[PDB]
Amino acid sequence: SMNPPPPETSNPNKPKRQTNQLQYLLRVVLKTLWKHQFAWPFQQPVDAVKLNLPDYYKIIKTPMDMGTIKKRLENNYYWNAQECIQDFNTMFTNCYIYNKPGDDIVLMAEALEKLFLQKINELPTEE
Ligand SMILES: CCOc1cc(-c2c(C)noc2C)cc([C@@H](C)O)c1
């Protein structure tokens, strides 16, 4: 029933780089999803205490949210695009695992995921 510590967003010993794909993931992908009308539940870790979801973190062992993704991208946390893409997919999948078809949050995830897919479909070639 308690909240876990949030995922890490900084690790000074992780090697970093700034690729055109990672720049796209921030400037296009994250920006598009973050501004969406359905973004709000996903802009920070699930607060299982405030939401009274005492079994959330019993079921979800790899939490992810866009607040975390945003900080990771802004801190150059990633080495490659695939790591960031995996974070977004973890976020969606968590929502699908925990929730039920047709729940509001699932419809929201689905809308964001459709936009995600459209954007990732045009991920630029690494230069
Ligand atoms: C600030 C978080 O607000 C919400 C969080 C959820 C949520 C998430 C994210 N993952 O599982 C649940 C439940 C669902 C809803 C509303 C849309 O019902 C709102």
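- The deposited coordinates for this entry were obtained by X-ray crystallography, with a reported resolution of 1.6800 Å.

1. A word on the packing of helix 1 (residues 20–34) against helix 3 (residues 66–74)
Inference 1: The geometry of helix 1 relative to helix 3 is characterised by a closest axis approach of 10 Å and an angle of 150° between their N-to-C directions. Compared by their axis directions, helix 1 and helix 3 come out roughly antiparallel. Our pair here, helix 1 against helix 3, has a crossing hand that is left-handed. Where helix 1 approaches helix 3, its residues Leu-22, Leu-25, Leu-26, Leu-30, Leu-33 and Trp-34 are matched on the opposing element by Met-66, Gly-67, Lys-70, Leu-73 and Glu-74.
Inference 2: Counted by class, the contact of helix 1 with helix 3 contains 8 nonpolar, 1 polar and 2 charged residues.

2. So, the nonpolar core
Inference 1: The biggest cluster of nonpolar side chains holds 28 residues, and the ones touching the most others in it are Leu-25, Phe-42 and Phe-88.
Inference 2: Residue assignment for this core shows that the elements contributing at least two residues are helix 1, helix 3, helix 4 (81–98) and helix 5 (104–121).
Inference 3: Ignoring anything within four residues of it in the chain, the contact list for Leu-25 reads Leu-30, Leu-73, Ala-81, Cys-84, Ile-85, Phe-88, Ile-120 and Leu-123.
Inference 4: If you look at the next biggest cluster of nonpolar residues, it comprises 5 residues, including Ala-48, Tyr-56, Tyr-57 and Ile-60.

Conventions and cut-offs
Residues numbered from 1 in each chain as written, not as in the entry; some residues may be left out. Heavy atoms only, no water. Residues with missing side-chain atoms left out of burial classes, pairs and counts. Axes fitted to C-alpha atoms, helices over the stretch in contact; angles between N-to-C directions. Helix = DSSP H or I, 4+ residues; strand = E, 2+ residues; numbered from the N terminus. Parallel < 35°, antiparallel > 145°, perpendicular 65-115°, else oblique. Left-handed = near helix turned anticlockwise from the far one by under 90°. Contact = heavy atoms within 4.5 Å. Nonpolar A, V, L, I, M, F, W, Y, C, P; charged D, E, K, R; others polar. Core = buried A, V, L, I, M, F, W, Y, C linked by side-chain atoms within 4.5 Å. Buried < 20%, exposed > 50% of the residue type's maximum accessible area, 1.4 Å probe, protein only.

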